Structure formats: structure tokens, C-alpha cells
Amino acid sequence: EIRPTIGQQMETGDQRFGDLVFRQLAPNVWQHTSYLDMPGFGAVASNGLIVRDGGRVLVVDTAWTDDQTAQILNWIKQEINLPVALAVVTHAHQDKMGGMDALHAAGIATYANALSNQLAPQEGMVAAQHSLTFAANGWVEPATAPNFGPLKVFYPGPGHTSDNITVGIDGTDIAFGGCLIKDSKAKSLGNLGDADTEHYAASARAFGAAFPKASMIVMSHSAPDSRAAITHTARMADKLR
Ligand SMILES: CC1(C)S[C@H]([C@H](NC(=O)Cc2ccccc2)C(=O)O)N[C@H]1C(=O)O
Ligand SMILES: [Zn+2]
Ligand SMILES: [Zn+2]
Ligand SMILES: [Zn+2]
């Protein structure tokens, strides 16, 4: 049983598969959790999503590594047995994009913010194969996100990084904030090394406004939370300015 130093612990409802944990959030939505062991520090959990859309599956975020990300694909094969149509990855850092090669080896079409693809090589990442671009109010340009089914991608503005994006799951009350959003009881906004401290608070709030009826907010390093994750993230970010 894996007990990370950072990230949510295992609760009732969690399934351990290999080195990963999966938790069903809705009839058609699961959270994938992978763990990177830091020397002298212990394991850091990171979360993404798996969405069933009819006879195909959509993924949001890799795991930390190629091998972990292959384990995700293995779980999907075992538990859902449908093909993965595409994956969207939510910015160019290892917890979100560390397993690109595994998606590509599997023949899965990958999508990221054009800016994440531009940043990837500087961040020791592989770029996605397709670039998303965004309107002045943050909504993805729909021609750049073809056949995304329920995934509604929204760029909230610079915050955790300049390239961070978010994803609402249409047809559910779930929205995913990735590393931008921390949980309602967080004491820190996490790693601010690449952050835009001036705009973070507005971006967090913009994510909230983009998906104003999402009641379950999923994020990278805690259990799904209420909308208090958004408001509390914004209040912590207010103090940065
Ligand atoms: C504090 C974090 C959980 S660290 C992670 C990310 N760092 C990495 O992917 C590199 C890495 C490699 C090996 C071990 C740890 C980290 C980043 O810099 O934003 N996201 C942060 C966050 O969500 O606040
Ligand atoms: Zn990051
Ligand atoms: Zn993170
Ligand atoms: Zn960086």
C-alpha cells in the first residue's frame, strides 16, 4: 500500500494496479494516480483523468514516467477494453507530460497548448503531436480540438505556469484544474518556480467562472474537492501579489 509524502492517501474506493492507483469518480470518469519517489523525501502523487466517451477513451495528463503511463494504458485495456482516442496534457512539467513517449508508442494522438509544445524541449519534455490554441477569453479554438467529445479545454491565464490549461468534463459535474488548483485545506500553492504570481489569482478565478456548475474539482496533488478548492486557491494567490 502506497503512502505518499505528498498527495492524497489511499481511501475506500481506490484500486491499486501495479504501481498506480485508480479511483472511479463517475460512471464514465476515473482518476489515475502515479507516484514519483524523491530521494530522501518519499513519494509524490500526481493525478490525471480517464474518460469513457461511447466506444472510445480519452486521457488527461500522463503519469510521471513512460513506464507508469504504459501501466495506465494497461489498466484501461484490462478494465475498459476500449481504444484510447487522444490525450490532452495540461502543461510542460514532468508530472503532466513525463510519459509522452508511452502514448506515442501506443499510437495515441496527443494534444497540448501550443505554448506547452514550445516549452517542452526546454523542460526536458517531448512535445505533443498537436497544438491547441486559445481565444482572448481562454476558450480553446474548436478547430484545434477536433472530436474532443466531452473534454472542454479552457486556458485560464498564467498561474502555476504560463502554459497551464484546464479541462471541464461535459455531461458531468467534474472539472479538472491540474496543478493550477490546490485543495481547500492547502497551506501552499506548491512549486512557484515557474509561476506568474501577479496573475495567478485571476486565472484561478477564471477557471471557476469557465465551469461555474462543476461541483467536483479534480486536481494534480489532492483528492477531488468542492469548489472551495478554487476559492481557497484564489485567496492564497491574492497574497502573492
Ligand atoms: C510541487 C509540485 C507537486 S512538483 C510538480 C512539478 N515538478 C515536476 O514535475 C518535476 C519534478 C520531478 C521529480 C520530482 C518532483 C518534481 C512543478 O514544478 O510544478 N508540480 C508541483 C505543483 O503542482 O505545485
Ligand atoms: Zn507544473
Ligand atoms: Zn504538480
Ligand atoms: Zn521550468
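Approximating the spin labels as points 7 Å out from Cα along Cα→Cβ, the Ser131-to-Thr12 distance works out to 4.9 nm. For the pair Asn74 and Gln24, how long in nm is the line joining their label points, each one 7 Å along Cα→Cβ? The answer from the label model is 2.2 nm.
Each part gets one Cα centre, and for the range 166-227 versus the range 65-100 those centres are 21 Å apart. With θ taken as phi - 60° and the Karplus curve 6.51 cos²θ - 1.76 cosθ + 1.60 applied, the whole-hertz 3J(HN,Hα) list for the range 28-33 is 10, 9, 10, 9, 9, 10 Hz, x standing for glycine and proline. Each of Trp139, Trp30 was scored by other Cβ atoms within 10 Å of its Cβ. Listed from fewest to most, they are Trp139, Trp30. Which residue, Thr166, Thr197, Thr62, tops the fluctuation ranking in a GNM of the chain built on C-alpha contacts under 10 Å? Maximum among the listed residues: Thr197.
About the centre of its Cα atoms, the chain shows a dipole size close to 640 debye [charges on the beta carbon of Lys, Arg (+1) and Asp, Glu (-1) only; nearest 20 debye]. Note that the range 35-44 has calculated 3J(HN,Hα) couplings of 10, 10, 7, 8, x, x, 10, x, 8, 10 Hz, one per residue in order, obtained from phi through the Karplus relation 6.51 cos²θ - 1.76 cosθ + 1.60 (θ = phi - 60°); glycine and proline are x. P(r) tail for the chain: Cα pairs beyond 30 Å make up 16% of the total.
Listed values for the range 166-172 are Karplus-derived 3J(HN,Hα) couplings in whole Hz (6.51 cos²θ - 1.76 cosθ + 1.60, θ = phi - 60°), namely 9, 9, x, 9, 4, x, 9, and x replaces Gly and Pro. Remark: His160, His130 ranked as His130, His160, counting other beta-carbon atoms within 10 Å and listing the fewest first. Taking other C-beta atoms within 10 Å as the exposure proxy, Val140, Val44 rank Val44, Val140 from fewest upward. Stretching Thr144 away from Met38 to a fully extended chain increases their span by 34.5 nm, per 0.36 nm per residue minus the current alpha-carbon distance. Taking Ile76, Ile230, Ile50 in turn, the Gaussian network model of the chain (Cα-Cα springs below 10 Å) assigns the largest fluctuation to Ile76. I need the shape label for the range 137-241. Rule: rounded when a/c is under 1.5, else prolate if a/b > b/c, else oblate, with a, b, c from the alpha carbon gyration tensor. Oblate, since a/c reaches 1.5 and b/c is not below a/b.
A quick note on method: Cβ atoms are made from the backbone with ideal geometry, for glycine too, and the neighbour counts reach across all protein chains shown. Computed from the coordinates by the stated procedures, all read-outs in this text should not be read as laboratory data.
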